[PDB]
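A.B. asks: part one of the complex, untouched from its place in the assembly:
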Amino acid sequence: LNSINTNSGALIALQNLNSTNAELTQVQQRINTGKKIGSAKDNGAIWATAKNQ
């Protein structure tokens, strides 16, 4: 409380903002590639069955 060296609220706010930027990056990928699973990182099993099909 009332510290000058530490600001935990800014840390939690930056964590929530980084989560929002991660969701926005996922939506940007969904928009530009047109696929909900555009790579093995999205879902390896469905992407594997898709490459085989």
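C.D. replies: Cool, the structure landed. Residues are numbered from 1 along each chain as shown, chains lettered A, B, ... in the order given.

A.B. asks: in chain A, which spans are helices?
C.D. replies: A:8-33, A:44-52 (DSSP state H).

A.B. asks: Distance-wise, check residue A:9 relative to residue A:22.
C.D. replies: When CB to CB, to the nearest Å is applied, the distance between residue A:9 and residue A:22 equals 20 Å. Heads up, the C-betas are built off the backbone N, CA and C, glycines and all.

A.B. asks: Can you give me the neighbour number for residue A:35?
C.D. replies: The number of residues packed near residue A:35 is 12, by other CB atoms under 10 Å.

A.B. asks: In CSV: the helices of chain A, plus mean neighbour count.
C.D. replies: As requested, these are exported to CSV (neighbours: other CB atoms under 10 Å):
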stretch, mean neighbour count
helix A:8-33, 10
helix A:44-52, 10
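
A.B. asks: Now tabulate these in JSON lines and tack on distance to residue A:2.
C.D. replies: Formatted as JSON lines, the entries for those read as follows, by distance: least, CB to CB, whole Å:
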{"stretch": "helix A:8-33", "distance to residue A:2": "12"}
{"stretch": "helix A:44-52", "distance to residue A:2": "49"}
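
A.B. asks: Kindly incorporate the sequence below as chain B:
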Amino acid sequence: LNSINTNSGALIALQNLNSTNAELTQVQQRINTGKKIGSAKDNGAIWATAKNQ
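C.D. replies: Adding chain B to what we have so far:
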């Protein structure tokens, strides 16, 4: 009592003034560093724990 060669009241007054000056110096150090434990002299166990942390 009624001595000219000594003044005990000035001695106790100097002791109280030195205590007040030490408290003001501690408050100045806390205003400076921003830490209530800025060094090992303040509290060595908690200080070493914070250093490892």
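
A.B. asks: Take stretch A:41-51, keep the C-alpha atoms, and write them as CSV.
C.D. replies: Listed in CSV are the C-alpha atoms of stretch A:41-51, where the atom choice follows Å, rounded to 0.1, in the frame of the first residue of the first chain:
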residue,chain,number,x,y,z
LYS,A,41,-0.3,-25.1,-33.3
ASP,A,42,-4.1,-24.5,-33.4
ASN,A,43,-5.0,-28.2,-33.1
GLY,A,44,-2.7,-31.0,-34.1
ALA,A,45,-5.1,-33.9,-34.6
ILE,A,46,-7.7,-32.0,-36.7
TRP,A,47,-4.9,-30.4,-38.7
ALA,A,48,-3.4,-33.8,-39.3
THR,A,49,-6.7,-35.4,-40.5
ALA,A,50,-7.2,-32.3,-42.7
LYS,A,51,-3.8,-32.6,-44.3
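
A.B. asks: what residues are up against the closest residue to chain B within chain A?
C.D. replies: With distances taken as CB to the nearest CB, chain A approaches chain B most closely at residue A:4, which sits 4.3 Å away. Contact analysis of residue A:4 by CB atoms under 8 Å, 6 or more residues apart in numbering or on different chains lists residue B:34.
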